[PDB]
$ cat work.tsv   # TSV, C-alpha atoms and all ligand atoms
chain	number	residue	atom	x	y	z
A	1	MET	CA	49.87	47.92	25.56
A	2	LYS	CA	51.56	44.61	26.48
A	3	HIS	CA	49.69	41.33	26.10
A	4	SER	CA	48.41	39.68	29.26
A	5	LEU	CA	47.43	36.12	30.11
A	6	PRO	CA	43.62	36.11	30.42
A	7	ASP	CA	42.03	34.44	33.41
A	8	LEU	CA	40.37	31.14	32.59
A	9	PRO	CA	36.56	31.53	32.65
A	10	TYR	CA	36.19	28.43	34.84
A	11	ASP	CA	38.00	26.01	37.13
A	12	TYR	CA	40.74	23.87	35.62
A	13	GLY	CA	38.54	20.85	36.40
A	14	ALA	CA	35.30	22.30	35.02
A	15	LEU	CA	35.59	20.26	31.79
A	16	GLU	CA	36.10	16.87	33.47
A	17	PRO	CA	35.99	14.10	32.47
A	18	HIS	CA	36.36	15.24	28.86
A	19	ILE	CA	39.51	17.34	29.45
A	20	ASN	CA	41.22	16.70	32.77
A	21	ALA	CA	42.42	19.35	35.22
A	22	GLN	CA	46.13	18.59	34.71
A	23	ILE	CA	45.89	19.39	31.00
A	24	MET	CA	43.96	22.62	31.58
A	25	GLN	CA	46.45	23.85	34.19
A	26	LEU	CA	49.49	23.01	32.06
A	27	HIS	CA	47.90	24.18	28.79
A	28	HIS	CA	46.91	27.52	30.33
A	29	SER	CA	49.52	28.42	32.96
A	30	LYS	CA	52.59	27.14	31.06
A	31	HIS	CA	52.03	26.87	27.29
A	32	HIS	CA	49.84	29.96	26.87
A	33	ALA	CA	51.97	31.95	29.31
A	34	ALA	CA	55.06	31.24	27.20
A	35	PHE	CA	53.26	32.49	24.08
A	36	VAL	CA	52.67	35.84	25.82
A	37	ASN	CA	56.07	36.49	27.38
A	38	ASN	CA	57.96	35.65	24.19
A	39	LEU	CA	55.43	37.56	22.08
A	40	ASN	CA	56.04	40.68	24.19
A	41	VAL	CA	59.81	40.24	23.83
A	42	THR	CA	59.51	39.82	20.06
A	43	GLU	CA	57.23	42.85	19.69
A	44	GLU	CA	59.73	44.99	21.60
A	45	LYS	CA	62.58	43.82	19.38
A	46	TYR	CA	60.47	44.75	16.33
A	47	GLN	CA	59.94	48.28	17.68
A	48	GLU	CA	63.71	48.65	17.92
A	49	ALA	CA	64.21	47.28	14.40
A	50	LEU	CA	61.55	49.60	12.96
A	51	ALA	CA	63.11	52.71	14.52
A	52	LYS	CA	66.51	51.70	13.10
A	53	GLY	CA	65.08	50.69	9.72
A	54	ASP	CA	66.62	47.24	10.12
A	55	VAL	CA	64.56	45.19	7.67
A	56	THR	CA	66.71	42.09	8.09
A	57	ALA	CA	65.91	41.98	11.81
A	58	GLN	CA	62.21	42.58	11.12
A	59	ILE	CA	62.08	39.59	8.76
A	60	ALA	CA	64.11	37.37	11.08
A	61	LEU	CA	61.60	38.12	13.86
A	62	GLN	CA	58.54	37.14	11.80
A	63	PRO	CA	58.57	33.42	12.76
A	64	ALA	CA	58.58	34.16	16.50
A	65	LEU	CA	55.81	36.76	16.14
A	66	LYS	CA	53.50	34.44	14.18
A	67	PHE	CA	54.25	31.43	16.41
A	68	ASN	CA	53.87	33.22	19.76
A	69	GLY	CA	51.38	35.80	18.49
A	70	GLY	CA	49.23	33.11	16.92
A	71	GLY	CA	49.47	31.04	20.10
A	72	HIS	CA	48.16	33.98	22.11
A	73	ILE	CA	45.31	34.65	19.65
A	74	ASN	CA	44.24	31.00	19.39
A	75	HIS	CA	44.32	29.94	23.04
A	76	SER	CA	42.43	33.06	24.11
A	77	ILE	CA	39.59	32.06	21.78
A	78	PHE	CA	39.76	28.36	22.65
A	79	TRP	CA	39.09	28.88	26.37
A	80	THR	CA	35.94	30.90	25.61
A	81	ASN	CA	34.75	28.28	23.10
A	82	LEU	CA	34.41	25.76	25.96
A	83	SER	CA	32.22	25.73	29.07
A	84	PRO	CA	31.15	23.27	31.78
A	85	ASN	CA	27.59	24.14	30.72
A	86	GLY	CA	28.38	23.40	27.08
A	87	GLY	CA	27.70	20.50	24.75
A	88	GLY	CA	24.68	19.57	22.69
A	89	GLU	CA	23.77	21.51	19.56
A	90	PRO	CA	23.40	25.22	18.80
A	91	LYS	CA	20.05	26.83	18.01
A	92	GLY	CA	18.64	29.70	16.01
A	93	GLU	CA	20.42	31.33	13.09
A	94	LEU	CA	23.75	29.60	13.74
A	95	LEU	CA	22.15	26.15	13.51
A	96	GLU	CA	20.30	27.25	10.36
A	97	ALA	CA	23.59	28.37	8.80
A	98	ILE	CA	25.33	25.11	9.77
A	99	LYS	CA	22.53	23.12	8.12
A	100	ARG	CA	22.57	25.35	5.04
A	101	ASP	CA	26.33	25.31	4.48
A	102	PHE	CA	27.16	21.76	5.62
A	103	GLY	CA	23.84	19.96	5.26
A	104	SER	CA	23.32	19.13	8.93
A	105	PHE	CA	24.93	19.49	12.33
A	106	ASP	CA	26.08	15.86	12.19
A	107	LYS	CA	27.69	16.41	8.79
A	108	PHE	CA	29.38	19.55	10.12
A	109	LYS	CA	30.79	17.51	13.01
A	110	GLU	CA	32.18	14.94	10.57
A	111	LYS	CA	33.85	17.64	8.47
A	112	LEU	CA	35.42	19.50	11.39
A	113	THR	CA	36.49	16.22	13.01
A	114	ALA	CA	38.06	15.14	9.71
A	115	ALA	CA	39.87	18.46	9.32
A	116	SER	CA	41.16	18.27	12.89
A	117	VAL	CA	42.31	14.64	12.61
A	118	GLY	CA	43.80	15.50	9.23
A	119	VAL	CA	46.28	18.03	10.58
A	120	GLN	CA	49.69	16.43	10.13
A	121	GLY	CA	51.99	17.76	12.83
A	122	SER	CA	51.04	20.65	15.10
A	123	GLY	CA	48.25	23.06	14.28
A	124	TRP	CA	44.60	23.94	14.74
A	125	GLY	CA	41.23	23.32	13.13
A	126	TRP	CA	38.77	26.17	12.71
A	127	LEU	CA	35.17	26.78	11.81
A	128	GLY	CA	35.14	30.35	10.51
A	129	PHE	CA	32.90	32.87	8.77
A	130	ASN	CA	33.85	34.23	5.35
A	131	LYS	CA	32.72	37.86	5.48
A	132	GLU	CA	33.14	38.52	1.75
A	133	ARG	CA	31.28	35.37	0.68
A	134	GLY	CA	28.85	35.67	3.62
A	135	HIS	CA	28.98	32.00	4.62
A	136	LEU	CA	30.78	29.55	6.88
A	137	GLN	CA	34.11	27.96	5.96
A	138	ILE	CA	36.34	25.31	7.53
A	139	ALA	CA	40.12	25.75	7.39
A	140	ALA	CA	43.22	24.25	8.99
A	141	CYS	CA	46.27	26.14	10.21
A	142	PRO	CA	49.77	24.82	10.95
A	143	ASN	CA	51.60	25.22	14.24
A	144	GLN	CA	50.06	28.43	15.58
A	145	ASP	CA	49.33	30.36	12.38
A	146	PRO	CA	46.07	32.20	13.20
A	147	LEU	CA	43.01	31.87	11.01
A	148	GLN	CA	42.16	35.52	10.35
A	149	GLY	CA	45.74	36.75	10.05
A	150	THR	CA	46.65	34.11	7.47
A	151	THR	CA	43.32	33.46	5.71
A	152	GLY	CA	41.03	36.43	6.41
A	153	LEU	CA	38.36	34.10	7.83
A	154	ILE	CA	36.84	35.21	11.13
A	155	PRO	CA	37.34	32.48	13.77
A	156	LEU	CA	34.20	31.01	15.35
A	157	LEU	CA	35.31	27.71	16.92
A	158	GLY	CA	38.83	26.38	17.29
A	159	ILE	CA	40.04	22.91	18.29
A	160	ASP	CA	43.57	22.68	19.70
A	161	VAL	CA	44.84	19.43	18.19
A	162	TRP	CA	48.27	19.95	19.72
A	163	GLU	CA	49.49	16.91	21.64
A	164	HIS	CA	49.82	18.91	24.86
A	165	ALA	CA	46.03	19.33	24.82
A	166	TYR	CA	45.08	15.66	25.09
A	167	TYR	CA	48.11	13.40	25.12
A	168	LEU	CA	48.18	13.04	28.91
A	169	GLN	CA	44.62	11.66	28.90
A	170	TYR	CA	44.10	10.13	25.45
A	171	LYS	CA	47.72	9.43	24.43
A	172	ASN	CA	48.06	8.92	20.67
A	173	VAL	CA	44.30	8.50	20.17
A	174	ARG	CA	43.46	12.01	19.02
A	175	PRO	CA	40.03	10.90	17.68
A	176	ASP	CA	38.89	10.08	21.22
A	177	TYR	CA	39.80	13.61	22.31
A	178	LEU	CA	37.91	15.10	19.35
A	179	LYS	CA	34.81	13.07	20.18
A	180	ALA	CA	34.88	14.03	23.86
A	181	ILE	CA	35.38	17.77	23.32
A	182	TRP	CA	31.96	18.14	21.65
A	183	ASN	CA	30.38	17.73	25.11
A	184	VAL	CA	31.84	21.03	26.38
A	185	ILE	CA	31.53	23.33	23.36
A	186	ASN	CA	30.18	26.71	24.52
A	187	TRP	CA	27.77	27.31	21.64
A	188	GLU	CA	26.69	30.56	23.32
A	189	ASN	CA	30.17	31.99	22.69
A	190	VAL	CA	30.35	30.63	19.13
A	191	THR	CA	26.96	32.26	18.47
A	192	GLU	CA	28.21	35.60	19.80
A	193	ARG	CA	31.18	35.45	17.42
A	194	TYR	CA	28.85	34.55	14.55
A	195	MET	CA	26.38	37.36	15.28
A	196	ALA	CA	29.32	39.78	15.54
A	197	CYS	CA	30.18	38.99	11.91
A	198	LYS	CA	26.70	39.97	10.70
A	199	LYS	CA	25.30	43.49	10.99
B	1	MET	CA	64.74	57.01	9.06
B	2	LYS	CA	63.05	56.43	5.69
B	3	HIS	CA	64.40	53.99	3.12
B	4	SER	CA	65.42	55.61	-0.18
B	5	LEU	CA	65.98	54.36	-3.71
B	6	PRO	CA	69.78	54.27	-4.23
B	7	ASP	CA	71.21	55.65	-7.44
B	8	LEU	CA	72.73	53.12	-9.81
B	9	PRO	CA	76.54	53.30	-9.48
B	10	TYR	CA	77.02	53.27	-13.28
B	11	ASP	CA	75.32	54.24	-16.53
B	12	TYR	CA	72.35	52.13	-17.64
B	13	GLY	CA	74.46	51.04	-20.62
B	14	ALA	CA	77.68	50.36	-18.71
B	15	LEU	CA	77.15	46.58	-18.70
B	16	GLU	CA	76.48	46.17	-22.44
B	17	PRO	CA	76.59	43.83	-24.23
B	18	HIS	CA	76.14	41.50	-21.24
B	19	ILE	CA	73.06	43.23	-19.78
B	20	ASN	CA	71.36	45.81	-21.97
B	21	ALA	CA	70.32	49.31	-20.95
B	22	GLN	CA	66.59	48.56	-21.23
B	23	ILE	CA	66.85	45.86	-18.55
B	24	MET	CA	68.93	48.04	-16.22
B	25	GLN	CA	66.51	50.98	-16.55
B	26	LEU	CA	63.38	48.84	-16.08
B	27	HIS	CA	64.80	46.60	-13.34
B	28	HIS	CA	65.94	49.69	-11.43
B	29	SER	CA	63.52	52.55	-12.19
B	30	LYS	CA	60.30	50.49	-12.09
B	31	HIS	CA	60.68	47.24	-10.12
B	32	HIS	CA	62.98	48.53	-7.37
B	33	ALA	CA	61.03	51.80	-7.16
B	34	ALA	CA	57.86	49.86	-6.37
B	35	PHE	CA	59.58	47.82	-3.65
B	36	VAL	CA	61.08	50.77	-1.73
B	37	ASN	CA	57.84	52.76	-1.77
B	38	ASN	CA	55.71	49.73	-0.88
B	39	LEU	CA	58.16	48.82	1.90
B	40	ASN	CA	57.72	52.27	3.43
B	41	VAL	CA	53.93	51.88	3.26
B	42	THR	CA	54.11	48.48	4.94
B	43	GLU	CA	56.49	49.74	7.65
B	44	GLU	CA	54.12	52.63	8.43
B	45	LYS	CA	51.18	50.23	8.73
B	46	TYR	CA	53.15	47.77	10.88
B	47	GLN	CA	54.22	50.62	13.17
B	48	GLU	CA	50.55	51.56	13.55
B	49	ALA	CA	49.54	47.93	14.11
B	50	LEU	CA	52.37	47.41	16.62
B	51	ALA	CA	51.41	50.48	18.66
B	52	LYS	CA	47.83	49.17	18.91
B	53	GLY	CA	48.97	45.66	19.79
B	54	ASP	CA	47.02	44.27	16.83
B	55	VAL	CA	48.83	40.97	16.27
B	56	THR	CA	46.46	39.83	13.52
B	57	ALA	CA	47.24	42.99	11.52
B	58	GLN	CA	50.98	42.52	12.10
B	59	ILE	CA	50.82	38.95	10.79
B	60	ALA	CA	48.73	39.94	7.78
B	61	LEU	CA	51.45	42.47	6.88
B	62	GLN	CA	54.30	39.94	7.03
B	63	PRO	CA	54.06	38.79	3.37
B	64	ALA	CA	54.25	42.35	2.06
B	65	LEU	CA	57.10	43.20	4.44
B	66	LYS	CA	59.20	40.18	3.47
B	67	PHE	CA	58.44	40.59	-0.24
B	68	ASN	CA	59.06	44.35	-0.45
B	69	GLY	CA	61.67	44.44	2.31
B	70	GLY	CA	63.59	41.59	0.74
B	71	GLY	CA	63.27	43.27	-2.63
B	72	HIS	CA	64.91	46.40	-1.26
B	73	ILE	CA	67.70	44.45	0.51
B	74	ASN	CA	68.48	42.24	-2.48
B	75	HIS	CA	68.42	44.73	-5.36
B	76	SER	CA	70.45	47.33	-3.46
B	77	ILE	CA	73.14	44.65	-3.10
B	78	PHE	CA	72.72	43.44	-6.69
B	79	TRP	CA	73.59	46.82	-8.21
B	80	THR	CA	76.80	46.97	-6.15
B	81	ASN	CA	77.64	43.36	-7.05
B	82	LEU	CA	78.02	44.42	-10.70
B	83	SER	CA	80.39	46.92	-12.31
B	84	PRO	CA	81.91	47.84	-15.69
B	85	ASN	CA	85.26	47.28	-13.93
B	86	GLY	CA	84.20	43.75	-13.03
B	87	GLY	CA	84.74	40.31	-14.48
B	88	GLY	CA	87.72	37.99	-14.34
B	89	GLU	CA	88.61	36.31	-11.06
B	90	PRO	CA	88.98	37.61	-7.50
B	91	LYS	CA	92.31	37.79	-5.71
B	92	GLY	CA	93.76	37.56	-2.22
B	93	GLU	CA	92.02	35.96	0.73
B	94	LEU	CA	88.64	35.63	-0.99
B	95	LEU	CA	90.15	33.54	-3.80
B	96	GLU	CA	91.93	31.41	-1.18
B	97	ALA	CA	88.65	30.85	0.65
B	98	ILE	CA	86.86	29.95	-2.59
B	99	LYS	CA	89.52	27.36	-3.38
B	100	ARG	CA	89.49	26.01	0.18
B	101	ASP	CA	85.72	25.72	0.54
B	102	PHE	CA	84.73	24.83	-3.04
B	103	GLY	CA	87.94	23.38	-4.48
B	104	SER	CA	88.51	25.98	-7.17
B	105	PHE	CA	87.02	29.16	-8.60
B	106	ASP	CA	85.62	27.19	-11.54
B	107	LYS	CA	83.99	24.72	-9.14
B	108	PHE	CA	82.44	27.61	-7.22
B	109	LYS	CA	81.02	28.99	-10.47
B	110	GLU	CA	79.49	25.59	-11.25
B	111	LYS	CA	77.91	25.35	-7.80
B	112	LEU	CA	76.39	28.83	-7.88
B	113	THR	CA	75.18	28.34	-11.45
B	114	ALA	CA	73.54	25.06	-10.40
B	115	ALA	CA	71.86	26.75	-7.44
B	116	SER	CA	70.66	29.60	-9.64
B	117	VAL	CA	69.30	27.35	-12.42
B	118	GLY	CA	67.76	25.17	-9.72
B	119	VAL	CA	65.45	27.87	-8.36
B	120	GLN	CA	61.95	26.71	-9.31
B	121	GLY	CA	59.86	29.83	-9.76
B	122	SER	CA	61.11	33.27	-8.74
B	123	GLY	CA	64.04	33.75	-6.39
B	124	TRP	CA	67.76	34.37	-6.04
B	125	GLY	CA	71.09	32.60	-5.65
B	126	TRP	CA	73.60	33.74	-3.04
B	127	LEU	CA	77.18	33.21	-2.07
B	128	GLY	CA	77.25	33.99	1.66
B	129	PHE	CA	79.53	33.79	4.68
B	130	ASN	CA	78.58	31.65	7.68
B	131	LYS	CA	79.82	33.63	10.67
B	132	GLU	CA	79.41	30.77	13.15
B	133	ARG	CA	81.23	28.22	10.97
B	134	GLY	CA	83.60	30.87	9.58
B	135	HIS	CA	83.39	29.81	5.94
B	136	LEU	CA	81.56	30.47	2.67
B	137	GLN	CA	78.21	28.90	1.85
B	138	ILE	CA	75.91	28.89	-1.19
B	139	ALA	CA	72.14	29.05	-0.70
B	140	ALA	CA	69.02	29.76	-2.72
B	141	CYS	CA	66.04	31.85	-1.60
B	142	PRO	CA	62.52	31.96	-3.09
B	143	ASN	CA	60.83	35.10	-4.40
B	144	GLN	CA	62.47	38.02	-2.54
B	145	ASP	CA	63.15	36.26	0.78
B	146	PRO	CA	66.52	37.74	1.84
B	147	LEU	CA	69.50	35.59	2.72
B	148	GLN	CA	70.47	36.96	6.13
B	149	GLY	CA	66.94	37.52	7.41
B	150	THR	CA	65.93	33.95	6.58
B	151	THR	CA	69.23	32.06	6.96
B	152	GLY	CA	71.59	34.24	9.03
B	153	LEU	CA	74.19	34.11	6.26
B	154	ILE	CA	75.78	37.45	5.36
B	155	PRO	CA	75.22	38.20	1.64
B	156	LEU	CA	78.34	38.54	-0.51
B	157	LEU	CA	77.14	38.03	-4.10
B	158	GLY	CA	73.55	37.73	-5.32
B	159	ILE	CA	72.30	36.67	-8.74
B	160	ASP	CA	68.76	37.75	-9.66
B	161	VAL	CA	67.25	34.86	-11.62
B	162	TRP	CA	63.88	36.60	-11.70
B	163	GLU	CA	62.51	36.43	-15.22
B	164	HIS	CA	62.29	40.23	-15.37
B	165	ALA	CA	66.12	40.37	-15.22
B	166	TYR	CA	66.99	38.62	-18.49
B	167	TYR	CA	63.87	37.63	-20.41
B	168	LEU	CA	63.92	40.63	-22.77
B	169	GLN	CA	67.39	39.61	-24.01
B	170	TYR	CA	67.73	35.86	-23.40
B	171	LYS	CA	64.07	34.77	-23.32
B	172	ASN	CA	63.67	31.37	-21.64
B	173	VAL	CA	67.41	30.53	-21.84
B	174	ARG	CA	68.45	31.45	-18.31
B	175	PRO	CA	71.86	29.72	-18.69
B	176	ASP	CA	72.85	32.29	-21.32
B	177	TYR	CA	72.11	35.06	-18.81
B	178	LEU	CA	74.05	33.30	-16.07
B	179	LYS	CA	77.03	32.85	-18.41
B	180	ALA	CA	77.07	36.54	-19.33
B	181	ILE	CA	76.72	37.97	-15.84
B	182	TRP	CA	80.10	36.56	-14.74
B	183	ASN	CA	81.76	39.15	-17.00
B	184	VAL	CA	80.47	42.08	-14.91
B	185	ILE	CA	80.77	40.78	-11.34
B	186	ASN	CA	82.34	43.49	-9.17
B	187	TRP	CA	84.74	41.27	-7.25
B	188	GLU	CA	86.13	44.39	-5.52
B	189	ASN	CA	82.73	44.89	-3.88
B	190	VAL	CA	82.33	41.19	-3.05
B	191	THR	CA	85.81	41.26	-1.50
B	192	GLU	CA	84.87	44.29	0.61
B	193	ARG	CA	81.78	42.48	1.89
B	194	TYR	CA	83.87	39.37	2.64
B	195	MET	CA	86.61	41.32	4.42
B	196	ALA	CA	83.93	43.14	6.42
B	197	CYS	CA	82.87	39.79	7.90
B	198	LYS	CA	86.39	39.00	9.13
B	199	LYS	CA	88.12	41.24	11.66
C	1	MN	MN	47.83	24.80	22.83
C	2	MN	MN	64.69	41.80	-9.60
$ encode --input "work.tsv" --output "structure tokens" --more "lines below"
Ligand SMILES: [Mn+2]
Ligand SMILES: [Mn+2]
Amino acid sequence: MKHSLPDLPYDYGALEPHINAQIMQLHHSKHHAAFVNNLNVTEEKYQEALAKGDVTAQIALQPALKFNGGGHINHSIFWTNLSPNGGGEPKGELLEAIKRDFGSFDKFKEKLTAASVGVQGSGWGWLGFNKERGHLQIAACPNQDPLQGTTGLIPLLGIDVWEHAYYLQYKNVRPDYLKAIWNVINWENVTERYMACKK
Amino acid sequence: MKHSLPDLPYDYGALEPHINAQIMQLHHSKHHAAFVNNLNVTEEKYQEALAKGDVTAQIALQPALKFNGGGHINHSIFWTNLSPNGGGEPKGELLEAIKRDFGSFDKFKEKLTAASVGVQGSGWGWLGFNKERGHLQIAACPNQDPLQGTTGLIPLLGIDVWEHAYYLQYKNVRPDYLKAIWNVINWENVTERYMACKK
């Protein structure tokens, strides 16, 4: 099957001034690319280990698969969660669910901002949908550990709090990056992911 | 290639009074049996997930693969690490290496006992060989995480401090179990594993 780097849905500068073109080009063409090439190499090594029944090799390969595999899963979602036409607030059933589960859109923003700022080290913040409980849920993931693979929650909106996503523009001030990114959230995509969870 | 439950190399009662027949039969015919079978189920799933390129499914299967795969790796070694012909002290180059790297055989016993008592929760203690440094090394692993797959060290002697290995006989007093097991260590097997590392 072989994983492939998806095209970005917009120009590298489409999210200016909130995320500059240099970050988008680096974050997409270098970081994400590395997560795909090394993921493909690791998957191929696993195929060899499985055919030989080498369980030691399978277990030794798990960290590279989760790190590079999670990186591929996460970034692919992140690009679609943003848009030059984004920002503002969602509408319809998604906004109703946000108000029901978090009180209000503003309170939801505070909680997701807090979870994203609260990641110590590298990782991600996610708004997800809990299919079994039938409601929204916020979770944090370290490094590149993907939400669904490690928690079962279906990802709706991810924020890449890695330093390579903002450090060139905002330096150490991650909160300024988190505030700015709300202006480019593609709520149309987040809604599609939400409606896909429900029948 | 399908993994198979190995026969025990001795009678269930061959290690009495140090480890009773009820433990050997349970620890082998129930616990290990579950690991091997569940490992095969997980491998078949992971093969299916790998062929589809489903990285989320692969990552969700990692805990079962490490737990059951490690269980198969560890226990298969553990049975060979014990023998009715065991006990006493090793000889030859392995004894020389123990004295060189740990000071004395008694000092090695103290270090491995300390590592085994020090496991908080379920896990194992291992004497291994570091191929890159060319010397022995003691390490502890949680749950069923295997030594080589998680550390690169080649396993020589493993001690199962899991509560299901001694609780029927020694209850909470793990040190009594650790004291007894030294009488049945198959140093011939440990020597073979050590000599297999050197060429
Ligand atoms: Mn990233
Ligand atoms: Mn056991």
$ residues_near_ligand --input "work.tsv" --ligand "ligand MN 1 (chain C)" --cutoff "12 Å" --atoms "only C-alpha atoms and all ligand atoms" --output "PyMOL selection string"
chain A and resi 23-35+67-68+70-79+122-125+143-145+158-167
$ residues_near_point --input "work.tsv" --point "(49.4, 43.1, 13.1)" --cutoff "12 Å" --atoms "only C-alpha atoms" --output "PyMOL selection string"
(chain A and resi 43+46+62+65-66+69-70+73+146+148-150) or (chain B and resi 42-63+65)
$ write_last_selection --input "work.tsv" --atoms "C-alpha atoms" --output "short mmCIF file (atom, residue, chain, number, x, y, z; two decimals), in the frame of the given file"
data_model
loop_
_atom_site.label_atom_id
_atom_site.label_comp_id
_atom_site.auth_asym_id
_atom_site.auth_seq_id
_atom_site.Cartn_x
_atom_site.Cartn_y
_atom_site.Cartn_z
CA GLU A 43 57.23 42.85 19.69
CA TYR A 46 60.47 44.75 16.33
CA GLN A 62 58.54 37.14 11.80
CA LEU A 65 55.81 36.76 16.14
CA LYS A 66 53.50 34.44 14.18
CA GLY A 69 51.38 35.80 18.49
CA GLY A 70 49.23 33.11 16.92
CA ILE A 73 45.31 34.65 19.65
CA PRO A 146 46.07 32.20 13.20
CA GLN A 148 42.16 35.52 10.35
CA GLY A 149 45.74 36.75 10.05
CA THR A 150 46.65 34.11 7.47
CA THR B 42 54.11 48.48 4.94
CA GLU B 43 56.49 49.74 7.65
CA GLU B 44 54.12 52.63 8.43
CA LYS B 45 51.18 50.23 8.73
CA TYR B 46 53.15 47.77 10.88
CA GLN B 47 54.22 50.62 13.17
CA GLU B 48 50.55 51.56 13.55
CA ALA B 49 49.54 47.93 14.11
CA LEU B 50 52.37 47.41 16.62
CA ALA B 51 51.41 50.48 18.66
CA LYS B 52 47.83 49.17 18.91
CA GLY B 53 48.97 45.66 19.79
CA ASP B 54 47.02 44.27 16.83
CA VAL B 55 48.83 40.97 16.27
CA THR B 56 46.46 39.83 13.52
CA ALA B 57 47.24 42.99 11.52
CA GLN B 58 50.98 42.52 12.10
CA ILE B 59 50.82 38.95 10.79
CA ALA B 60 48.73 39.94 7.78
CA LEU B 61 51.45 42.47 6.88
CA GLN B 62 54.30 39.94 7.03
CA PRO B 63 54.06 38.79 3.37
CA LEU B 65 57.10 43.20 4.44
#
$ closest_residue --input "work.tsv" --among "B:151, B:137, B:38, B:20" --to "residue 97 in chain B" --atoms "all atoms listed in the file"
B:137
$ closest_residue --input "work.tsv" --among "A:36, A:95, A:14, A:8" --to "chain B" --atoms "all atoms listed in the file"
A:36
$ residues_near_point --input "work.tsv" --point "(77.8, 50.9, -9.5)" --cutoff "12 Å" --atoms "all atoms listed in the file" --output "mmCIF file with C-alpha atoms, keeping the file's coordinate frame"
data_model
loop_
_atom_site.group_PDB
_atom_site.id
_atom_site.type_symbol
_atom_site.label_atom_id
_atom_site.label_comp_id
_atom_site.auth_asym_id
_atom_site.auth_seq_id
_atom_site.Cartn_x
_atom_site.Cartn_y
_atom_site.Cartn_z
ATOM 1 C CA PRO B 6 69.780 54.270 -4.230
ATOM 2 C CA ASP B 7 71.210 55.650 -7.440
ATOM 3 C CA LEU B 8 72.730 53.120 -9.810
ATOM 4 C CA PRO B 9 76.540 53.300 -9.480
ATOM 5 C CA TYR B 10 77.020 53.270 -13.280
ATOM 6 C CA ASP B 11 75.320 54.240 -16.530
ATOM 7 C CA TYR B 12 72.350 52.130 -17.640
ATOM 8 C CA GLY B 13 74.460 51.040 -20.620
ATOM 9 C CA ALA B 14 77.680 50.360 -18.710
ATOM 10 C CA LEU B 15 77.150 46.580 -18.700
ATOM 11 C CA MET B 24 68.930 48.040 -16.220
ATOM 12 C CA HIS B 75 68.420 44.730 -5.360
ATOM 13 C CA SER B 76 70.450 47.330 -3.460
ATOM 14 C CA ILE B 77 73.140 44.650 -3.100
ATOM 15 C CA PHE B 78 72.720 43.440 -6.690
ATOM 16 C CA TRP B 79 73.590 46.820 -8.210
ATOM 17 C CA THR B 80 76.800 46.970 -6.150
ATOM 18 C CA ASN B 81 77.640 43.360 -7.050
ATOM 19 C CA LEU B 82 78.020 44.420 -10.700
ATOM 20 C CA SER B 83 80.390 46.920 -12.310
ATOM 21 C CA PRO B 84 81.910 47.840 -15.690
ATOM 22 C CA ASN B 85 85.260 47.280 -13.930
ATOM 23 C CA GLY B 86 84.200 43.750 -13.030
ATOM 24 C CA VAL B 184 80.470 42.080 -14.910
ATOM 25 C CA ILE B 185 80.770 40.780 -11.340
ATOM 26 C CA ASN B 186 82.340 43.490 -9.170
ATOM 27 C CA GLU B 188 86.130 44.390 -5.520
ATOM 28 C CA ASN B 189 82.730 44.890 -3.880
#
$ atom_distance --input "work.tsv" --atom1 "CA of residue 88 in chain A" --atom2 "CA of residue 182 in chain A"
7.5 Å
$ atom_distance --input "work.tsv" --atom1 "CA of residue 176 in chain B" --atom2 "CA of residue 113 in chain B"
10.9 Å
